[PDB]
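Notes to accompany the following structure.
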Amino acid sequence: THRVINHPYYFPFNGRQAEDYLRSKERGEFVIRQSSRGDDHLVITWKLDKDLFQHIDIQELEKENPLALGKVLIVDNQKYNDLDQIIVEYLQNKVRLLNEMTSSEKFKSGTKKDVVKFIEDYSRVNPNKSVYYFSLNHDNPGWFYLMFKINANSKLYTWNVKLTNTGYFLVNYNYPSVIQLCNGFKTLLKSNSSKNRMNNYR
Amino acid sequence: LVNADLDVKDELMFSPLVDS
């Protein structure tokens, strides 16, 4: 059952204990633990925010025997050589990009419900403006909400932005920074809006 | 986690695009 892995961030934890362990640590801190999916998988559990953790599957290839750590590791469909490469090139960049998002003036802290309230209020006191903000999706670790209104009387739209190790995924493009995310969001909406106003009976 | 379709013809009035 239990599995040995020779590494300073490897702990003998299930998913829950990894979260309890991390509950006191800071954002970006993590553990590596065994997977419930067999001896060719591991998990990285890392802390995004208070009570907010993500569990990332690591797939092992090139295993010298059933219990050894694969000499090639797959995280999110990208190949890495060892756990340290994962920490530096995958995890650290995911943390970097999380901080870039939460430091953005377009990001609002709080619950989905809190941020819907703010955007609805802010839409009221600025009725001829299109408004959008990002916030944390607490029910899907690793995602942000992208909420917007066209004006005071439009309905409230919610879109979904996935954090990746190389940027922010919205619809079908991975934007490398928040600034480029906002610009692409706007450009995408203008593209949809222009389409919606076309004459298909031309 | 679906993205609701933009469905109206309301003119978009977003804040200006930003340089990088």
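So basically every Cβ, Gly included, is an ideal-geometry build from the backbone, and we count neighbours across all protein chains shown. What is reported rests on the model, the rules as stated and the sources as named; these are not laboratory values.
Structure data summary
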{"read-out": "Residue match in the range A:176-184 (condition: more than 13 Å from B:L12 (Cα to Cα), among the small types (G, A, S), in a helix (DSSP H, G or I) and in contact with a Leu (Cβ under 9 Å, 6 or more places away or on another chain))", "value": "yes"}
{"read-out": "Residue list for the range A:167-187, filter: facing chain B (nearest Cβ under 7 Å) and surrounded by 15 or more Cβ atoms within 10 Å (Cβ to Cβ)", "value": "A:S177, A:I179, A:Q180, A:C182, A:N183, A:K186"}
{"read-out": "Within the range A:104-137, considering residues that are under 15 Å from B:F14 (Cβ atoms) and surrounded by fewer than 16 Cβ atoms within 10 Å (Cβ to Cβ), the one farthest from the other protein chains (Cβ to nearest Cβ)", "value": "A:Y122"}
{"read-out": "Complete set of residues in the range A:19-62 that are free of Cβ contacts under 8 Å to residues at least 24 places away in the same chain, surrounded by fewer than 19 Cβ atoms within 10 Å (Cβ to Cβ) and either within 18 Å of A:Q85 (Cα to Cα) or of a type in the set (F, W, Y) (or both)", "value": "A:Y21, A:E29, A:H41, A:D57, A:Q59, A:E60, A:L61, A:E62"}
{"read-out": "The range A:154-166 - residue that is of a type outside the set (V, I, T) and part of a loop (DSSP other than H, G, I, E, B) and, of those, nearest to the other protein chains (Cβ to nearest Cβ)", "value": "A:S154"}
{"read-out": "Residue that is surrounded by the fewest Cβ atoms within 10 Å (Cβ to Cβ) [pool: residues in the range A:138-166 that are touching a residue at least 60 places away in the same chain (Cβ under 8 Å) and within 17 Å of A:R27 (Cα to Cα)]", "value": "A:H138"}
{"read-out": "Residues that are within 7 Å of another protein chain (Cβ to nearest Cβ), more than 28 Å from A:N140 (Cα to Cα) and of a type in the set (S, T, N, Q), drawn from chain B", "value": "B:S20"}
{"read-out": "Residues of the range A:35-67 satisfying the condition of being hydroxyl-bearing (S, T, Y) and at positive phi", "value": "none"}
{"read-out": "The range A:189-202: number of residues that are outside any loop (DSSP other than H, G, I, E, B) and either facing chain B (nearest Cβ under 9 Å) or of a type in the set (D, E, K, R) (or both)", "value": "6"}
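Here is a yes/no grid of residues against (1) in the same structural domain as A:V161 (by CATH); (2) part of a loop (DSSP other than H, G, I, E, B); (3) charged (D, E, K, R):
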{"position": "A:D20", "(1), (2), (3)": "no, no, yes"}
{"position": "A:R27", "(1), (2), (3)": "no, yes, yes"}
{"position": "A:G38", "(1), (2), (3)": "no, yes, no"}
{"position": "A:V43", "(1), (2), (3)": "no, no, no"}
{"position": "A:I56", "(1), (2), (3)": "no, no, no"}
{"position": "A:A68", "(1), (2), (3)": "no, yes, no"}
{"position": "A:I87", "(1), (2), (3)": "no, no, no"}
{"position": "A:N93", "(1), (2), (3)": "no, no, no"}
{"position": "A:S104", "(1), (2), (3)": "yes, yes, no"}
